[PDB]
Amino acid sequence: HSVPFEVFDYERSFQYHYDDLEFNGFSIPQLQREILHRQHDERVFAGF
Amino acid sequence: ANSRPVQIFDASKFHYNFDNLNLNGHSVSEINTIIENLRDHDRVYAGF
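Residues numbered from 1 in each chain as written, not as in the entry; some residues may be left out. Chains lettered and ligands numbered in written order. Part of a larger assembly, values for the part shown. Heavy atoms only, no water.

As documented in the archive entry, the model was determined using cryo-EM at 4.4 Å resolution.

Now the structure itself:
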């Protein structure tokens, strides 16, 4: 399975699953709201 | 008057049914997932 067109969905081949999907106490339904809150305010960015 | 394979299919005109359809403790979804579970593992067969 060295072909790169199935690693996108790993449940069929490797079906790995870590102990938890948390990161610094962040839940998947949670992330949406603070992402929206951050993107609400205008920003300036650097592109290299 | 039921010799026609065109109208032979539906059992509503035959008045019978089954209570359950589970096989070996596996519901429809169990087969519907084990099919791709075995498809992920490639192999070869024979034909006669």
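Resuming the write-up.
(A) Fine view of unusual backbone geometry. Residue and element names in this part refer to chain B. Its identity as a non-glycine residue notwithstanding, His15 has a phi of 60°, on the positive side. Residue placement: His15 occurs in the segment before α1 (28–39). Taking relative accessible area as the criterion, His15 reaches 68% and is therefore assigned exposed. (Helix = DSSP H or I, 4+ residues; strand = E, 2+ residues; numbered from the N terminus. Buried < 20%, exposed > 50% of the residue type's maximum accessible area, 1.4 Å probe, protein only.)

(B) Region of the structure containing helix α1 (residues 28–40) of chain A. Between its first and last C-alpha, α1 of chain A extends 19 Å over 13 residues, near the 18 Å set by a 1.5 Å rise per residue. With one of 13 residues buried, α1 of chain A lies mostly on the surface of the structure. (Expected span 1.5 Å × (residues − 1).)

(C) Spotlight on the layout of surface pockets. Its volume calculated, the largest pocket comes out at about 150 Å³. Along its surface, the largest pocket is lined by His1, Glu6, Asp9, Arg12 and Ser13 of chain A together with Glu36, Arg39 and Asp40 of chain B. Of the residues in the lining of the largest pocket, the class split is no nonpolar, two polar and six charged. (1 Å grid on protein atoms, 1.4 Å probe; cavity = no way out; pocket = protein on both sides within 12 Å on 5 of 7 lines; lining within 4 Å. Points joined across faces, edges and corners; volume = space filled by probe spheres on them. Nonpolar A, V, L, I, M, F, W, Y, C, P; charged D, E, K, R; others polar.)

(D) Highlighting the environment of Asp20 of chain A. Mapped onto the elements, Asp20 of chain A comes out in the segment before α1. Spatially, the C-alpha atom of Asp20 of chain A lies 20 Å from that of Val7 of chain A, the residues being 13 residues apart in sequence.

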